[PDB]
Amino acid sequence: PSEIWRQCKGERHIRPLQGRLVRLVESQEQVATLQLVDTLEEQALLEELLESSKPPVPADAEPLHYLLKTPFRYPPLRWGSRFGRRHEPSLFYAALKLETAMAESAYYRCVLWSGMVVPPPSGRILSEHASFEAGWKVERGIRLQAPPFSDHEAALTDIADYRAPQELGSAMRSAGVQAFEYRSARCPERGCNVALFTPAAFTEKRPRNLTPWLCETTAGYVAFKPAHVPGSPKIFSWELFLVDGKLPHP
């Protein structure tokens, strides 16, 4: 059981919760397979073949849009997500604001970079991403940044220890929690995130404000810039995430 859920008396604080979410995702997946074939018709058939080998979509997420249903089908990293483990259904993770979504995305760019014993050659990766927004509403929600649970915010926002939040996630899952907000562990402005246990949290049928982004990942920073309109880059140094010269991960 979760000590944080036994304390705080979590069941007493379950209440309806609403809001919007922002999520930054990669594009170029379809561009990738278009390089393997000759025609768009061959690429469409290949994408159908690739779909058949993927983990199945949970039955309740199938009628959703592709960008809303996909997070529910794949397992997380082997060390689990912050509030979910490899053996439980994956959660839909997003941020409440765009700048928090970029911080979480920049951190996992550093995670990919730091996994390789030898850093990527040329010391720069130019990739393309897309952000979208969506409304969510649940009748059984929890605010982990709220006074009852914020007494454990140090253990909930730990940079390289998932045990306490992962046990809290299983305890909320069994208690019927449908979605919950929490303090981001990576956002330097202390923005809040939101996680959805069930695809029924989504109010709308289609993701909104789809925006392409250009991403630049180096050994020292991750930068984001709109791909379709004039803008200035938003820079995320590795110093936002490094602890003792090393990138933390569980």
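We number the residues from 1 along the sequence you see.
task = Could you check the entry and say whether 61 to 69 or 180 to 188 has the higher mean CA B-factor?
result = So the stretch with the higher mean C-alpha B-factor is 61 to 69.
Comparing 6 to 14 with 234 to 242, the one whose average Cα B-factor in the PDB entry is higher: Of 6 to 14 and 234 to 242, the stretch with the higher C-alpha B-factor average is 6 to 14.
So if I compare the CA B-factors in the entry for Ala160, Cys110, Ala95, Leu168, which one is the largest? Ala160 has the highest C-alpha B-factor of those listed.
Can you pull the Cα B-factors for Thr217, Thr33, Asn193, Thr203 from the entry and say which is highest?
Answer, based on the entry's C-alpha B-factors: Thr203.
Third of the chain's Cα B-factor distribution that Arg82 belongs to, per the entry
Answer is lowest: the recorded C-alpha B-factor places it there.
Using the B-factor values recorded in the entry, state whether the Cα atom of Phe132 falls in the lowest, middle or highest third among the modelled residues of its chain. For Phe132, whose C-alpha B-factor we compare with every modelled residue in the chain, the answer is the lowest third.
Next item on the list: Could you look up the Cα B-factor of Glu88 in the entry and say which third of the chain it sits in: lowest, middle or highest?
Entry: Answer is highest: the recorded C-alpha B-factor places it there.
Self-check item: Third of the chain's Cα B-factor distribution that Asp151 belongs to, per the entry
Solution: Highest third, going by the recorded CA B-factors of the chain.
When the deposited Cα B-factors of this chain's modelled residues are ordered and cut into thirds, is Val222 in the lowest, the middle or the highest one? As the PDB entry reports it, the C-alpha B-factor of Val222 lands in the lowest third of its chain.
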